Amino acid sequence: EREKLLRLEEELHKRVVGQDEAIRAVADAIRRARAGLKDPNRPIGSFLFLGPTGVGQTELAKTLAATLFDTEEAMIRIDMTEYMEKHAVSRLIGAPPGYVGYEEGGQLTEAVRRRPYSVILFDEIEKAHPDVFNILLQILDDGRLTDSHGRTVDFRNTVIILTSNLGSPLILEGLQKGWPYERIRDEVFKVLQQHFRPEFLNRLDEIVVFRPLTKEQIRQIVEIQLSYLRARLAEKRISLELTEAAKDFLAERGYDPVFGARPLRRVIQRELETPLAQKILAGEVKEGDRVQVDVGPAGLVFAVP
């Protein structure tokens, strides 16, 4: 779809809040590939996602997968902290013929076989063993791999996203000192040239920087999640309102500067979804009811006028 590409930013922003520069960079690289300006035998895009934990990296990879390939299922997550022990290559691409687990294939290769159109997410690439890192280079160069079975795995329709906890303490200092996004991107690059040779970094479409989320941005994520929960309740014809306090209650608990907004899912589950379920099962919240949710001395409270 043409205008899907032409309006990819607002499309990715349907699910991902803030990180405009990150989304612009991503959207621009997909457009160059789709216009036919880059190598047809390389992947669609290769990115290095930098910044703090839980600020929209996975959610961007998911949204990109849903937007371009119809579903979030078209995202493959390979955590490199599990592939650092040298015997890891056979886990990624398969055990050799005659060895236990040859018929199983490899974690990455089998996933990209049954989903040639997929977004691939590599977590903490610095941790990966040099031999695992060489396989990553082969994807970036050849646009293809050969697994242990000898079957060629195509990567030309994939979008490669690499993440790194490396360089994030610098970008935090960058925003503290008030540097523009431009020079933050340029300063982190020098930190990266100390852990990766420019051989690798030049193959990347963009070096992408994610910021910490502001108070306003956290609210917008809460709203988006309440929007999905609202759809589920609408099937029972149940309306749900939250007071500003109730929205701030969830925002305060669902975000911390260490894990980002990762706690939010189970905060919403523990503080809103589990209590609401109880009220529904008891009979206090019925089909056709409009619920107002407010803050009390113990937690969120539910009332039906």
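Numbering starts at 1 and follows the sequence shown.
For the pair 218-226 and 196-204, the mean Cα B-factor is higher in 196-204.
Higher mean CA B-factor, judged across 205-213 and 127-135 from the recorded values: 127-135.
Placement of the Cα temperature factor of residue 252 within the chain: middle third of the modelled residues, per the deposited record. Residue 36 sits in the highest third of its chain by CA B factor, as recorded in the PDB entry. Among all modelled residues in its chain, residue 109 ranks in the middle third by Cα B-factor. Split the chain's modelled residues into thirds by C-alpha temperature factor. Residue 71 is in the middle one. In this PDB entry, the Cα temperature factor of residue 159 sits in the bottom third of its chain's modelled residues, the lowest group.
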